[PDB]
Structures are given as C-alpha cells and as structure tokens.
>>> print(open('coords.cif').read())   # mmCIF, C-alpha atoms
data_run
loop_
_atom_site.label_atom_id
_atom_site.label_comp_id
_atom_site.auth_asym_id
_atom_site.auth_seq_id
_atom_site.Cartn_x
_atom_site.Cartn_y
_atom_site.Cartn_z
CA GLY A 1 22.38 -28.40 10.27
CA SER A 2 23.81 -31.69 11.52
CA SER A 3 22.15 -35.08 12.02
CA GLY A 4 24.76 -36.25 14.52
CA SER A 5 27.64 -37.86 12.65
CA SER A 6 29.76 -34.72 13.07
CA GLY A 7 30.74 -33.36 16.47
CA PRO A 8 32.39 -29.92 16.47
CA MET A 9 33.36 -28.00 19.60
CA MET A 10 30.48 -26.65 21.70
CA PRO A 11 30.03 -22.93 22.47
CA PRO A 12 30.19 -21.47 26.00
CA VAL A 13 27.22 -20.56 28.21
CA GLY A 14 26.09 -18.03 30.79
CA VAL A 15 27.28 -15.36 28.37
CA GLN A 16 26.26 -12.10 30.05
CA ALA A 17 27.32 -8.46 29.88
CA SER A 18 27.68 -6.45 33.09
CA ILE A 19 27.42 -2.73 32.34
CA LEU A 20 29.75 -0.91 34.72
CA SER A 21 30.63 2.30 32.87
CA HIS A 22 30.06 4.08 29.56
CA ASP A 23 33.11 2.36 28.07
CA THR A 24 33.38 -0.57 30.48
CA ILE A 25 31.63 -3.94 30.32
CA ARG A 26 32.19 -7.35 31.92
CA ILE A 27 31.78 -10.47 29.79
CA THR A 28 31.82 -13.65 31.87
CA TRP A 29 30.89 -17.13 30.64
CA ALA A 30 31.25 -20.83 31.43
CA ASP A 31 32.50 -23.95 29.64
CA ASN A 32 30.60 -27.15 30.43
CA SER A 33 33.58 -28.83 28.77
CA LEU A 34 35.95 -27.90 31.60
CA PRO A 35 36.48 -30.55 34.31
CA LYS A 36 34.93 -30.59 37.79
CA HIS A 37 36.88 -27.57 39.04
CA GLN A 38 36.79 -24.39 36.97
CA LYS A 39 40.35 -24.47 35.64
CA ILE A 40 41.43 -24.39 31.99
CA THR A 41 44.27 -26.92 32.13
CA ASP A 42 44.13 -27.17 28.34
CA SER A 43 46.15 -25.06 25.90
CA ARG A 44 43.28 -23.25 24.19
CA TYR A 45 42.14 -19.65 23.74
CA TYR A 46 38.84 -17.77 23.65
CA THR A 47 37.86 -15.21 21.01
CA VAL A 48 35.16 -12.69 21.89
CA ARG A 49 33.67 -10.60 19.07
CA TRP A 50 31.61 -7.41 19.14
CA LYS A 51 30.24 -4.83 16.70
CA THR A 52 27.84 -1.90 16.43
CA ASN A 53 24.18 -2.06 15.44
CA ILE A 54 24.53 1.05 13.29
CA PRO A 55 25.20 0.86 10.57
CA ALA A 56 23.53 -2.56 10.61
CA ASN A 57 26.58 -3.91 8.78
CA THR A 58 29.99 -3.14 10.26
CA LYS A 59 33.40 -4.81 10.46
CA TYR A 60 33.20 -7.44 13.20
CA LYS A 61 35.84 -6.79 15.86
CA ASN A 62 37.38 -9.61 17.89
CA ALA A 63 39.89 -10.05 20.71
CA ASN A 64 42.23 -12.71 22.10
CA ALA A 65 42.13 -13.77 25.75
CA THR A 66 42.37 -17.26 27.25
CA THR A 67 39.88 -17.20 30.12
CA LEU A 68 36.27 -17.75 31.18
CA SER A 69 35.68 -14.00 31.03
CA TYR A 70 36.61 -10.78 29.22
CA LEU A 71 36.54 -7.05 29.94
CA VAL A 72 35.69 -4.95 26.89
CA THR A 73 36.82 -1.32 26.86
CA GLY A 74 36.95 1.63 24.48
CA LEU A 75 33.31 1.21 23.48
CA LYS A 76 30.75 3.94 22.76
CA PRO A 77 28.19 5.32 25.24
CA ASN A 78 24.46 4.72 24.79
CA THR A 79 25.25 2.47 21.83
CA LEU A 80 23.98 -0.99 20.91
CA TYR A 81 26.80 -3.54 20.83
CA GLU A 82 27.00 -7.30 20.27
CA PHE A 83 28.93 -9.92 22.23
CA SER A 84 29.81 -13.54 21.46
CA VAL A 85 32.29 -15.92 23.10
CA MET A 86 33.57 -18.96 21.21
CA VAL A 87 36.21 -21.62 21.83
CA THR A 88 38.93 -22.69 19.39
CA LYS A 89 41.60 -25.39 19.62
CA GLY A 90 43.41 -24.50 16.41
CA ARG A 91 41.59 -26.52 13.76
CA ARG A 92 38.32 -27.16 15.61
CA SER A 93 35.94 -24.49 16.91
CA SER A 94 32.36 -23.83 18.02
CA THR A 95 29.68 -21.47 16.73
CA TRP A 96 28.96 -18.10 18.33
CA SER A 97 27.18 -18.56 21.66
CA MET A 98 23.94 -16.71 22.39
CA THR A 99 24.68 -13.19 21.16
CA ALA A 100 24.17 -11.05 24.26
CA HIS A 101 23.22 -7.41 23.68
CA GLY A 102 24.73 -4.91 26.10
CA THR A 103 23.79 -1.23 26.04
CA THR A 104 26.35 0.94 27.82
CA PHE A 105 25.36 4.00 29.86
CA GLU A 106 24.95 7.51 28.46
CA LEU A 107 28.09 9.66 28.45
CA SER A 108 27.06 13.04 27.05
CA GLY A 109 24.48 13.34 29.81
CA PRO A 110 21.06 15.02 30.16
CA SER A 111 20.33 18.68 29.39
CA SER A 112 19.65 21.47 31.89
CA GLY A 113 15.97 21.37 32.80
#
>>> encode(input="coords.cif", output="structure tokens")
Amino acid sequence: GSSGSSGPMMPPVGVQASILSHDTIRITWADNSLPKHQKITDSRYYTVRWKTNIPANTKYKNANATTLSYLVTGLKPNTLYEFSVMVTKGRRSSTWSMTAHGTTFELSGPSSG
C-alpha cells in the first residue's frame, strides 16, 4: 500500500466493545500519538462507525465525539454489529482500526420451558 514516502495519520488501538445491555455498548480505545499523560490537548475529533451484518451491505453509520472512548446506544439485541474508531485532523486521517465485532445480549428472551 505504501513504501514509506507517505505518512498519513495512524489509527487508534485497544479498540474493544464492552457489552453492558441489549442496546448499550462501551467503545474505549487509545492513541499512541497522545503525549505522556492521556490528555487530548489537540483540537481534533474522533469518528466511530458501525453497521449491521445483515444484510451484508448496509449504510455505514458514524458518530462525532472527541474522546478516547464512545458509548453506542439504540442498537439491536442479539445482532452482529461492527465498530471502528479513526482519527481526523481536517485534511489528514487514518484508516479504520481493527474492526471489533460486538454482539449485544438477547432482548426478546427465552421461551417457557
């Protein structure tokens, strides 16, 4: 993809999804770019995207929140969803970090028996 000449922004890490509820998930990550202390003193913003696995192809949804984390809500129960956190500084940006798959809990519930 790139020999080295170029040098676009680098994607975040530690991208993980913490299933709390049927429509609640925690998306925390890290930015090796940040200085010693974990504090975004820069004027940037993070954009986390997420979509459904069915149908395979579906409009990719994204949000806007400047932080090293993100709490997704309004999702569907027992449904496969994607998650990716990237960094953008206006003109420059980084690819989509390791797409973490988070399967929420079942809402409907089991049947009598």
>>> closest_residue(input="coords.cif", among="A:107, A:65, A:57, A:5", to="residue A:28", atoms="all atoms listed in the file")
A:65
>>> residues_near_point(input="coords.cif", point="(27.8, -10.0, 19.8)", cutoff="8 Å", atoms="all atoms listed in the file", output="ChimeraX atom specification")
/A:49-51,81-84,99-101
>>> resolve_selection(input="coords.cif", expression="the PyMOL selection byres ((chain A and resi 13) around 12)", output="ChimeraX atom specification")
/A:10-12,14-16,27-34,68-69,84-87,94-100
>>> atom_distance(input="coords.cif", atom1="atom CA of residue A:8", atom2="atom CA of residue A:89")
10.7 Å
>>> residues_around(input="coords.cif", residues="residue A:44", least_positions_apart="2", cutoff="9 Å", atoms="all atoms listed in the file", output="JSON, numbers by chain")
{"A": [40, 41, 42, 46, 66, 87, 88, 89, 90]}
>>> atom_distance(input="coords.cif", atom1="atom CA of residue A:54", atom2="atom CA of residue A:80")
7.9 Å
>>> atom_distance(input="coords.cif", atom1="atom CA of residue A:62", atom2="atom CA of residue A:47")
6.4 Å
>>> closest_residue(input="coords.cif", among="A:24, A:92, A:110, A:78", to="residue A:6", atoms="only C-alpha atoms")
A:92
>>> closest_residue(input="coords.cif", among="A:102, A:19, A:67, A:77", to="residue A:43", atoms="all atoms listed in the file")
A:67
>>> closest_residue(input="coords.cif", among="A:76, A:59, A:39, A:91", to="residue A:21", atoms="only C-alpha atoms")
A:76
>>> closest_residue(input="coords.cif", among="A:20, A:37, A:93, A:104", to="residue A:52", atoms="all atoms listed in the file")
A:104
>>> build_atoms(input="coords.cif", residues="stretch 72-98 of chain A", atoms="N, CA, C and O atoms", output="tab-separated table (two decimals), keeping the file's coordinate frame")
chain	number	residue	atom	x	y	z
A	72	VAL	N	35.64	-5.80	28.07
A	72	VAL	CA	35.69	-4.95	26.89
A	72	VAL	C	35.78	-3.48	27.28
A	72	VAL	O	35.08	-3.02	28.18
A	73	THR	N	36.64	-2.74	26.59
A	73	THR	CA	36.82	-1.32	26.86
A	73	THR	C	37.00	-0.53	25.57
A	73	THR	O	37.30	-1.09	24.52
A	74	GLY	N	36.81	0.79	25.65
A	74	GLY	CA	36.95	1.63	24.48
A	74	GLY	C	35.70	1.65	23.62
A	74	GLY	O	35.75	2.02	22.45
A	75	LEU	N	34.58	1.24	24.21
A	75	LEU	CA	33.31	1.21	23.48
A	75	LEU	C	32.67	2.59	23.45
A	75	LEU	O	33.23	3.57	23.95
A	76	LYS	N	31.48	2.67	22.86
A	76	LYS	CA	30.75	3.94	22.76
A	76	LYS	C	29.57	3.96	23.72
A	76	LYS	O	28.90	2.95	23.94
A	77	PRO	N	29.30	5.14	24.30
A	77	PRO	CA	28.19	5.32	25.24
A	77	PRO	C	26.83	5.23	24.56
A	77	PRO	O	26.70	5.51	23.37
A	78	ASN	N	25.81	4.84	25.32
A	78	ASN	CA	24.46	4.72	24.79
A	78	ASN	C	24.48	4.20	23.36
A	78	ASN	O	23.91	4.81	22.45
A	79	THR	N	25.15	3.07	23.15
A	79	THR	CA	25.25	2.47	21.83
A	79	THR	C	25.05	0.96	21.89
A	79	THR	O	25.60	0.28	22.76
A	80	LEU	N	24.25	0.44	20.96
A	80	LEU	CA	23.98	-0.99	20.91
A	80	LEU	C	25.19	-1.77	20.40
A	80	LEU	O	25.70	-1.49	19.31
A	81	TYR	N	25.65	-2.73	21.19
A	81	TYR	CA	26.80	-3.54	20.83
A	81	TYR	C	26.50	-5.02	20.99
A	81	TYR	O	25.66	-5.41	21.80
A	82	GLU	N	27.19	-5.85	20.21
A	82	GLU	CA	27.00	-7.30	20.27
A	82	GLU	C	28.16	-7.97	20.99
A	82	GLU	O	29.26	-7.42	21.08
A	83	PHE	N	27.91	-9.17	21.51
A	83	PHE	CA	28.93	-9.92	22.23
A	83	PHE	C	28.75	-11.42	22.02
A	83	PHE	O	27.65	-11.95	22.14
A	84	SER	N	29.85	-12.10	21.69
A	84	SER	CA	29.81	-13.54	21.46
A	84	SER	C	31.15	-14.19	21.83
A	84	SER	O	32.20	-13.76	21.36
A	85	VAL	N	31.09	-15.21	22.67
A	85	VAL	CA	32.29	-15.92	23.10
A	85	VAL	C	32.33	-17.33	22.54
A	85	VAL	O	31.42	-18.13	22.75
A	86	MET	N	33.40	-17.64	21.81
A	86	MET	CA	33.57	-18.96	21.21
A	86	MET	C	34.89	-19.58	21.62
A	86	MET	O	35.81	-18.89	22.07
A	87	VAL	N	35.00	-20.90	21.47
A	87	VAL	CA	36.21	-21.62	21.83
A	87	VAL	C	36.86	-22.24	20.60
A	87	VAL	O	36.18	-22.81	19.75
A	88	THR	N	38.19	-22.13	20.52
A	88	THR	CA	38.93	-22.69	19.39
A	88	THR	C	40.17	-23.43	19.87
A	88	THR	O	40.88	-22.96	20.76
A	89	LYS	N	40.44	-24.58	19.27
A	89	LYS	CA	41.60	-25.39	19.62
A	89	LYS	C	42.58	-25.48	18.46
A	89	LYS	O	43.36	-26.43	18.37
A	90	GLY	N	42.52	-24.50	17.56
A	90	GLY	CA	43.41	-24.50	16.41
A	90	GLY	C	42.68	-24.82	15.12
A	90	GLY	O	42.47	-23.95	14.28
A	91	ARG	N	42.29	-26.08	14.96
A	91	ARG	CA	41.59	-26.52	13.76
A	91	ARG	C	40.09	-26.62	14.02
A	91	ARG	O	39.28	-26.35	13.13
A	92	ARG	N	39.73	-27.02	15.23
A	92	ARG	CA	38.32	-27.16	15.61
A	92	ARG	C	37.83	-25.92	16.35
A	92	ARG	O	38.61	-25.22	17.00
A	93	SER	N	36.54	-25.65	16.25
A	93	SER	CA	35.94	-24.49	16.91
A	93	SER	C	34.43	-24.65	17.03
A	93	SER	O	33.84	-25.54	16.41
A	94	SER	N	33.81	-23.79	17.82
A	94	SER	CA	32.36	-23.83	18.02
A	94	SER	C	31.71	-22.55	17.54
A	94	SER	O	32.35	-21.50	17.46
A	95	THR	N	30.42	-22.63	17.21
A	95	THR	CA	29.68	-21.47	16.73
A	95	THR	C	29.67	-20.36	17.77
A	95	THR	O	30.22	-20.51	18.86
A	96	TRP	N	29.04	-19.24	17.42
A	96	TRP	CA	28.96	-18.10	18.33
A	96	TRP	C	27.82	-18.27	19.33
A	96	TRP	O	26.65	-18.31	18.95
A	97	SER	N	28.17	-18.39	20.60
A	97	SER	CA	27.18	-18.56	21.66
A	97	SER	C	26.08	-17.52	21.55
A	97	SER	O	26.14	-16.61	20.72
A	98	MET	N	25.06	-17.65	22.39
A	98	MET	CA	23.94	-16.71	22.39
A	98	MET	C	24.44	-15.27	22.40
A	98	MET	O	24.98	-14.80	23.40
